[PDB]
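Every chain is numbered from 1 and lettered A, B, ... according to where its sequence line falls, protein lines coming before strand lines. We use all heavy atoms of the structure for the numbers below, so side chains are in, but hydrogens, waters and symmetry mates are not.
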Amino acid sequence: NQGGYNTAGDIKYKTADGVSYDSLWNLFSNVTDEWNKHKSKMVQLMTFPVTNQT
Amino acid sequence: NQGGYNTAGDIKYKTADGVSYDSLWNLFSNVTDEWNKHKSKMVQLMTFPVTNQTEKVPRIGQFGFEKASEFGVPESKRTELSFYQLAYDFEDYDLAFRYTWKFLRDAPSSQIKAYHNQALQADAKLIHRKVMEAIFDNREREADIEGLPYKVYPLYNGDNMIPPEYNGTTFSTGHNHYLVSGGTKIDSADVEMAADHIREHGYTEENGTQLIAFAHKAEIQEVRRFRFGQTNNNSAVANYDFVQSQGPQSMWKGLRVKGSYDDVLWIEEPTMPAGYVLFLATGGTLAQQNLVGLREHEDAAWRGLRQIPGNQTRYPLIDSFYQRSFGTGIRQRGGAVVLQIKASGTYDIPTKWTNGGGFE
Amino acid sequence: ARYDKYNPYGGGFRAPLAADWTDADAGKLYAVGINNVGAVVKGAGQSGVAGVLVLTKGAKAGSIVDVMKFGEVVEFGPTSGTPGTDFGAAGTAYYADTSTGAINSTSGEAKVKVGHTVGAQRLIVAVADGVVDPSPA
């Protein structure tokens, strides 16, 4: 993993060959991984909410 | 400068006469001095607000014509466009006021208002230095725009950029606009040369323009001697007459005009280091905007002098910040000339205007 | 050099270029001929000198070029000169070296005449049928 503070210089253009860096990040703004949907299904069929701590 | 935290022990309450220091600090709360006003006035005449973070200066060639005939057709004509590219720089500058809790409890409120009014004076002093070093520091600089590097320029400086030819007067690599007088005092021959070094690029009185010169008073005591056909410094001769202003016009732009040599108006400039003069074009068809561009951030949230709330907040320590971010470059590299008055050799950057040598 | 007056009907012809011409040749004038495949080469091909050629930019092999036989060329100077500064002499005949296709004012028995100049910068192209002298003394 990449780590650390986000800095100016981790930003690398406003646009490149006419495409905008905001539009590129907007693609990933609301994605969800089908593996994380599967993992959430497996948790849902394999767990229960604890009401009684013992 | 003083620096450090403001502390109890920096506080003053009353004079031995019973007069409270908060009333003395109340004088400094709103005033601005004639020296910062004078520096602000040099900036206001010498600069323009930049709209494009980079400029292109384009040029095109010429066609001509031929004599006709009963038979036969003319030789074909075309022209090819070319340009030079000029960017403007940008940088951020920060200032802090820091207090102990007991200083803010016991210090006179007028001192805090004076510190705010002094931040406005420090901003004016910063912009003035950054405009002056754009002219007097004859080194090249680089700026990044859209993440792509561009050069930003002083006047012509012995560089590979070739001035555009004006009227069949035509130039080379290694042209220059920082000049060394070749003499320990100013000649009329230097003033004549420098004003022509502007006028060879255009910027003429036929082009509707006015020339101005800014000089320390020590060299104005030479210009007053320049009567037509009479010898002056270094055995040069005045090929025009000095004319004192009325009381040429008595005043220009609200500045104290001394007179004219050639048609160039002469102005006394106390900020100038003694061994130097600036010659500058104005008005007409070329000088519809001034020598130095001032660049500021694209977003209105980041323009101007701004206060940032600090990051030690209430007890036992308090701070706050002022920020301004801007930068400078020259568009009209031929629209002004810097003359240094020295006997021989290389041009010197004034220490007070070396880039990175200080601030404000 | 540049084409000033070109006539498509018998003043010049389309042909395919035999090899890449680089931007180092942009605005130079060369004499050219046709190789055994039917493509344009500098100097004489199998055809002898067929005409003269200027490209304003580099061009790829198998691209189509217009070779001039009769017409006017402006901004002219010898092939060895810098294009757009090193212009020709006025009033004088110009000859192609049949080996390199280089054009200059020096006559020689094995060379082909390509034209003559009307003032320093303007060449009247009218390429000869063959060499200046096919039977030296």
Side-chain angles (χ1 to χ4, degrees), chain B residues 54-87 140 142 146 148-151 153 156-177 197 200-202 333-334, chain C residues 1-12 23-29 51-59 65-78 81-94 103 114-126:
Chain B
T54 297
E55 314 284 16
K56 293 176 177 64
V57 295
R59 67 184 178 274
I60 61 179
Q62 292 300 129
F63 272 26
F65 236 82
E66 213 228 290
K67 50 214 305 309
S69 180
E70 291 192 85
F71 310 95
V73 294
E75 193 210 73
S76 315
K77 257 59 181 181
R78 73 170 193 297
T79 185
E80 297 174 14
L81 187 145
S82 186
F83 68 91
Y84 283 115
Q85 185 147 233
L86 306 171
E140 189 174 271
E142 292 90 351
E146 318 304 28
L148 276 303
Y150 295 84
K151 287 174 286 286
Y153 297 102
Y156 298 110
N157 71 260
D159 50 324
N160 294 327
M161 175 167 168
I162 305 185
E165 61 179 14
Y166 172 57
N167 70 344
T169 307
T170 304
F171 307 103
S172 70
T173 61
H175 187 276
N176 205 334
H177 263 21
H197 224 299
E200 79 186 22
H201 301 83
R333 302 188 71 195
Chain C
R2 298 288 292 216
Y3 292 168
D4 185 28
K5 297 175 207 168
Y6 178 97
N7 177 24
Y9 298 100
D23 301 271
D25 290 324
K28 288 187 173 182
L29 181 81
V52 303
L53 182 58
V54 187
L55 305 177
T56 59
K57 188 180 296 185
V65 292
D66 274 282
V67 178
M68 181 186 277
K69 294 188 62 55
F70 307 99
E72 298 198 58
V73 171
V74 295
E75 295 157 43
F76 170 76
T82 316
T85 61
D86 305 354
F87 304 127
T92 194
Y94 276 89
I103 291 158
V114 297
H116 70 80
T117 47
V118 180
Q121 289 171 212
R122 184 160 67 102
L123 177 85
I124 315 303
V125 177

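Counting non-hydrogen atoms of other residues, nucleotides and ligands closer than 6.0 Å to CG of B:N160 gives a total of 12 or fewer. Shown here is B:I60, whose CD1 atom has no more than 12 heavy atoms of other residues, nucleotides or ligands within 6.0 Å. Residue-environment remark: NZ (B:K151) stays at or below the threshold of 12 foreign heavy atoms within 6.0 Å.
Of residues 81-90 of chain C, not one residue has a non-hydrogen atom less than 4.5 Å from any non-hydrogen atom of chain B. Within residues 69-78 of chain C, the residues having any heavy atom less than 4.5 Å from a heavy atom of chain B are, in residue-number order, C:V74, C:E75.
The line from CZ of C:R2 to OG of B:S76 is 10.0 Å long, rounded to the nearest 0.5 Å.
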